[PDB]
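Architecture at a glance
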Amino acid sequence: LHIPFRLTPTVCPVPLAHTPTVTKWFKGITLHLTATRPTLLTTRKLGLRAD
Amino acid sequence: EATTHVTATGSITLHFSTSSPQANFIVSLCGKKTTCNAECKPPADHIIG
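Quick notes on the rules
Residues numbered from 1 in each chain as written, not as in the entry; some residues may be left out. Chains lettered and ligands numbered in written order. Part of a larger assembly, values for the part shown. Heavy atoms only, no water. Helix = DSSP H or I, 4+ residues; strand = E, 2+ residues; numbered from the N terminus. Rg over C-alpha atoms; globule rule 2.2 N^0.38 Å. Areas by Shrake-Rupley, 256 points an atom, 1.4 Å probe, with all protein chains shown as cover. Salt bridge = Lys/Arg side-chain N within 4 Å of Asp/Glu carboxyl O. Buried < 20%, exposed > 50% of the residue type's maximum accessible area, 1.4 Å probe, protein only. Contact = heavy atoms within 4.5 Å. Polar contact = N/O pair within 3.5 Å; in protein donor to acceptor, adjacent residues only side chain to side chain. Pairing = 2+ DSSP bridges.

If you check the header, you'll see the entry was determined by cryo-EM and the resolution is listed as 3.40 Å.

**Here we look at the overall build of chain A**
When its secondary structure is counted, chain A shows 0 helices and 2 strands. A compact globule built from 51 residues should have a C-alpha radius of gyration of about 10 Å, whereas chain A, at 19 Å, is more than 25% larger. The dimensions of chain A, computed from C-alpha atoms along their principal axes, are 65 × 30 × 15 Å. Within the structure as shown, chain A displays about 5,900 Å² of accessible surface, and the carbon and sulfur contribution to it stands at 65%.

**What to know about the pattern of salt bridges**
All names here are of chain A. Evaluation of the coordinates by the stated rule reveals 1 salt bridge over all chains. Its salt-bridge partner being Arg49, residue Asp51 comes within 3.4 Å of it at the nearest N-O pair. Taking relative accessible area as the criterion, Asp51 reaches 48% and is therefore assigned partly exposed. A relative accessible area of 59% means that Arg49 is categorised as exposed.

**Description of the environment of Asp51(A)**
Residue and element names in this part refer to chain A. Take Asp51: it is sitting in the segment after strand 2 (29-32). Beyond its immediate stretch of four places on either side in the chain, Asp51 contacts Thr43, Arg44 and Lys45. Within polar-contact distance, the side chain of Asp51 engages the side chain of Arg49 at 3.4 Å.

**Some details on the environment of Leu16(A)**
Within the secondary structure, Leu16(A) sits in the segment before strand 1 (21-24). Taking the C-alpha atoms as reference points, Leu16(A) and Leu40(A), separated by 24 residues in sequence, lie 12 Å from one another.

**Digging into the pairing of strand 2 of chain A**
Residues and elements named next belong to chain A. Two elements, strand 1 and strand 2, share 4 bridges in a ladder whose sense is antiparallel. Looking at the pairing, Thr21 lines up with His32 of strand 2. Between the end of strand 1 and the start of strand 2, which pair antiparallel, lie 4 residues, with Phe26 showing a positive phi angle near 45°.

Next comes the structure, spelled out in structure tokens:
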């Protein structure tokens, strides 16, 4: 017997967070981040060691 | 710019990017070599895109 309701791939919207304000200081940046809900920030260096 | 247009008795402007405090390098215009030599200042912008 067929089990109905297959997982179809479907396009669906997700929120866009507040655009960060970046202040630049020598060898570094500072992001002023406002997010009402929890928001994932992921940073990595583009060298040999990606911290 | 790689290829320029040279007519007669004129001047052409070009842009370069360097990593040295001194610009002391050889420019070959169409066969002839010249030594461009002066000082470069550190940037005021700390972070670039």
